[PDB]
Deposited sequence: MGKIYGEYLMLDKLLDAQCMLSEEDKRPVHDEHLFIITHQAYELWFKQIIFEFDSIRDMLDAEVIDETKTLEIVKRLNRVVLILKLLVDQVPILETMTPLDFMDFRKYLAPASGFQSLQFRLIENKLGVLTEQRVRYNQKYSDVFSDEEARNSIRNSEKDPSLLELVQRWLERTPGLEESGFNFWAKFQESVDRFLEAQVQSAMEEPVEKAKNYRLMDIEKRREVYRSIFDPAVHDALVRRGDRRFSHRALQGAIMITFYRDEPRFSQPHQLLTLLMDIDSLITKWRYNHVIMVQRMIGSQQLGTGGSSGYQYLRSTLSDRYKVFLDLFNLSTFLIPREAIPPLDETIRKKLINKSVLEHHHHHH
């Protein structure tokens, strides 16, 4: 179009609000809010997908320069703001009372939140593993929806592309900076100095606490320095990243204050914020489900739905799970290998 409403296709957009309670000559006022709220979510889901696909295209390249990294950071930050808005949309729908919802939920019988193609496309494009999902894709009767999901699982997710970018971190290379080995030998040097300082403790409980603590540190570093331990944790589902991607991620977090790593760090932080905000939506949605129809109601066949949503709050659904635990492996500033390159 050309003028405001023609450009925005308001003739199409504002003709998609059909209250089924109205067409059945028993209108329920808040059903208009129910529709509008979901359509605002679906509009922003399309925007999120559009931004995710553009970030996937920029990450599916041999090298990602400082200019392309800034663009990726901008678009990830935009997704963060849209996710906060989407979390904030819940109290607007929580304004409808359970009895008003009960008077129209009968018209929704075949419909299901599981049938949101865009919500699934978001989960898949970010990296929610099909094997890590709770049992409880085949809900989608349409063939274009099934084809859309097939492509989202087949094509590389944001998790795979970020890992590839993380593995190519300059500075990890043995030929050059050799960060991983410098980190291993400074961890050994630091942890021994901690043993020597604890040996000089005037009190025995304090000497023993420090020594027990150093042993727990030894085990923490063993989970990342022994690749067999890391690869076993990845297999269990406690980690997502490859051993080399984790090395890159750890190096980015160590040198975040350096101009060269501040932007890659921000990209990782926004990836974490996205995960955390999708989890916040899941929680607020399960609180709202509970407020409206409790753990189970007429038509639900028990607390099956409720318990499934409650189970989506687990680390099984966090894509960049590894990013939250990087500070466990941190060493003081004085102990970090200085940058030379």
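Residues 1, 138 to 141, 347 to 365 of the deposited sequence have no C-alpha coordinates in the structure.
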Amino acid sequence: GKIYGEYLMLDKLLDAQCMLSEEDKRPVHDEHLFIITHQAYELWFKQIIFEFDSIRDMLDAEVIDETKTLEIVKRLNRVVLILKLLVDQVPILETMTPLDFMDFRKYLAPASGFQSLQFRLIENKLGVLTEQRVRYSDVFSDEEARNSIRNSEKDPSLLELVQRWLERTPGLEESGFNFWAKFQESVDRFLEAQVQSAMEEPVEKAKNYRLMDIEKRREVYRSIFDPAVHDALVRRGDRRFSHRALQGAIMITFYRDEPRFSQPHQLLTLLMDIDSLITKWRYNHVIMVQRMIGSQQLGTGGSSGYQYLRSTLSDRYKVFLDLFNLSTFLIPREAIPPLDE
From here on, numbers count along this sequence of modelled residues.
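Only the largest set of C-alpha atoms that superpose within 1.5 Å between the two forms is called the rigid core.
With each structure aligned by its rigid core, the stretch whose Cα atoms sit farther from this model in 4 other deposited structures of this protein, between 115 to 123 and 252 to 260, is 115 to 123. Of the other structures of this protein that model both sides of residue 179, every one gives it coordinates; not a third omit it. For residue 209, the fraction of other compared entries lacking coordinates, among those that model flanking residues, is zero, nowhere near a third.
Judged by mean Cα B factor in the deposited record, 105 to 113 ranks above the other of 77 to 85 and 105 to 113. Two stretches are in play, 172 to 180 and 260 to 268, and the higher mean C-alpha B-factor belongs to 172 to 180. Within the selection 72, 90, 145, 96, the deposited Cα B-factor values reach their highest point at 145.
Sort the chain's modelled residues by C-alpha temperature factor and residue 282 lands in the lowest third, per the entry. Per the PDB record, residue ranking by Cα B-factor puts residue 27 in the highest third of the chain. Residue-level temperature factors show residue 190 in the highest third of its chain, judged at the C-alpha atom. Ranked by C-alpha B-factor against the other modelled residues of its chain, residue 241 falls in the middle third. Sort the modelled residues of the chain by CA B factor and residue 64 lands in the highest third.
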